[PDB]
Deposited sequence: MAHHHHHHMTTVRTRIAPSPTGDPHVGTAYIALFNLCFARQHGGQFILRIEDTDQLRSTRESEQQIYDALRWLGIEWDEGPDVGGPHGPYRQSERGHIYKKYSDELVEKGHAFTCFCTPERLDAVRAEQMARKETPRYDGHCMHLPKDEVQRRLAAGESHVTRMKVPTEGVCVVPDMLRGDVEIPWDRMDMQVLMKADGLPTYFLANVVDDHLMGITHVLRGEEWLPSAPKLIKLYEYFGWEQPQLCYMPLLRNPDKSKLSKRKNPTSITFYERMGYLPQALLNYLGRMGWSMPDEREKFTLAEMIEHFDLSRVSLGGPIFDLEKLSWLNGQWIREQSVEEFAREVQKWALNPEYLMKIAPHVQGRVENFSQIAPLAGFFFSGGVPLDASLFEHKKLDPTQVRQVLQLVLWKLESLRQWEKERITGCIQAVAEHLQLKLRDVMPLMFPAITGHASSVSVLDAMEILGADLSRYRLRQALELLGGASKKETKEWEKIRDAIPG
């Protein structure tokens, strides 16, 4: 009986690649009457809920996990006790792993351990030869053992590595097939060797080719936004995006996808993520349904009391009649905003300095986990302070980036209401319009970013 999983780390917005890998694991388990498992290898509970929300929004679901439960849990690493040290001790007891402070003597080792000196547990990995990874799509892949980096099992803080924990947990959860991105293929020999040290039945392996931009380059937020929630906020239908993830992989529904899913129909070249094709498909989904279904989706997306009432106070003070509301508040519904470079000619900031500020602010807001007004303000203020500018120096740059106008409703409020995705998106588009940042400016300015709270 087939069991697949995803093991996302709860460390930020889920992205399209994660949705993609989840979809394949879901269809594969479904196709074979098996189970699909979500395991959290932890990090914040909030980022965890983001993962659940984004994937469910998409239409993906799982049979076992930390939210729905299951008879093979617990499904968060932080709830699975000392189970990892236990198996790591054994690898050490059988001479398949060693304590590192490398050297060897069990005299000095017991002594150093007794004194509570910091240490890790490393896996022994073959130094000579080639390893054959039996990939389901590619067949036999030959990776030489020499290039195989060293591998930590237990870290200095008595926590397992992602590597160790996933082998342990796949075993304990009876996972039969591991479908993962091909980013993981280089380290596959270390996985195989680990199942050998334990004496465990090794699952079937499948390494999916990477998603690529239309310029045959790897997918990156720089070239096209990757977060699932960005597409939600832009007003894409989850069925369209899910449909699109499937057509890249191997117009249809998830159920129809499962019916006609087969791994053998998957390209060995990296599928292209083409926003124009996705928009066209989404347009088709929008058209091919009743006006009533269309209305409900539009209400859920943005024309609902929760979103509108957040906007209403900021608008009530700035209009002399109701027909002046749409021009003032239209930027809350437009995805991007129309851009005008002249809106960014600062009084006492030169064009390079304007780009510098935008880049730094963008970076800090990209790192910002909790999207709240005070936290948003704190970020921009920290950047300004560190540059010996004042808050009032920087704010005029934020208004046209976020709203398309020199002045508007309170832009800090606007950013909280719009949310993280649309805010970063608009900032990035302003920055790009103005000329972006050279490879050299990126290195310089990142030193500065690092010295900023």
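Visitor: Could you spell out the stretches of the deposited sequence that were left without C-alpha coordinates, going in sequence order?
Guide: Unmodelled stretches, in sequence order: 1-10, 53-57, 117-142, 292-298, 502.
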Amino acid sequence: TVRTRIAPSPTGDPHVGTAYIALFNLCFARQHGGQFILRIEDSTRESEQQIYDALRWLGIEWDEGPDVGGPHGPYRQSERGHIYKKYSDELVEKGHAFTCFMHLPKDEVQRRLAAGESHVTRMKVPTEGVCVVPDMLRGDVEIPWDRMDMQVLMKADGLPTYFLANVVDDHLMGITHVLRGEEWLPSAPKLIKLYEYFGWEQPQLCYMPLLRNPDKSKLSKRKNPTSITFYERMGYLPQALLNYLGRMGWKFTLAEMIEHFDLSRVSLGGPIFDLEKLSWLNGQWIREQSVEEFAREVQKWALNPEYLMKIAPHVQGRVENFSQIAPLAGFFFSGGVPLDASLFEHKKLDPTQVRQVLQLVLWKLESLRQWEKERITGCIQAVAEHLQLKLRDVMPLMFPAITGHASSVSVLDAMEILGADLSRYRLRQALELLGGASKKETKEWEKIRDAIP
From here on, numbers count along this sequence of modelled residues.
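Visitor: Taking the mean of the C-alpha B-factors per stretch from the entry, tell me the winner out of 156-164 and 323-331.
Guide: In the deposited entry, the stretch with the higher C-alpha B-factor mean is 156-164.
Visitor: Per the PDB record, is the mean Cα temperature factor higher over 274-282 or over 128-136?
Guide: Looking at the recorded C-alpha B-factors, 128-136 comes out higher on average.
Visitor: In terms of CA temperature factor as recorded, identify the highest of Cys379, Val298, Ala115, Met309.
Guide: Out of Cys379, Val298, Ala115, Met309, the record gives the largest C-alpha B-factor to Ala115.
Visitor: From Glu288, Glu142, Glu372, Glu292, pick the one with the largest CA B-factor in the entry?
Guide: Spelled out: the listed residue with the top C-alpha B-factor is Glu142.
Visitor: Please place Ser267 in the lowest, middle or highest third of its chain according to the CA B-factor in the PDB entry.
Guide: Its C-alpha B-factor belongs to the highest third of this chain's values.
Visitor: Please say which third, lowest, middle or highest, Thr176 falls into when its CA temperature factor is compared across its chain.
Guide: For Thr176, whose C-alpha B-factor we compare with every modelled residue in the chain, the answer is the middle third.
Visitor: Mind checking which third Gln429 falls in for C-alpha B-factor across the chain?
Guide: Answer is lowest: the recorded C-alpha B-factor places it there.
Visitor: Which third of the chain holds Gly95 when residues are ordered by C-alpha B factor: lowest, middle or highest?
Guide: For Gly95, whose C-alpha B-factor we compare with every modelled residue in the chain, the answer is the highest third.
Visitor: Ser367's Cα B-factor: lowest, middle or highest third of the chain?
Guide: Within its chain, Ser367 is a middle-third residue by C-alpha B-factor, going by the deposited values.
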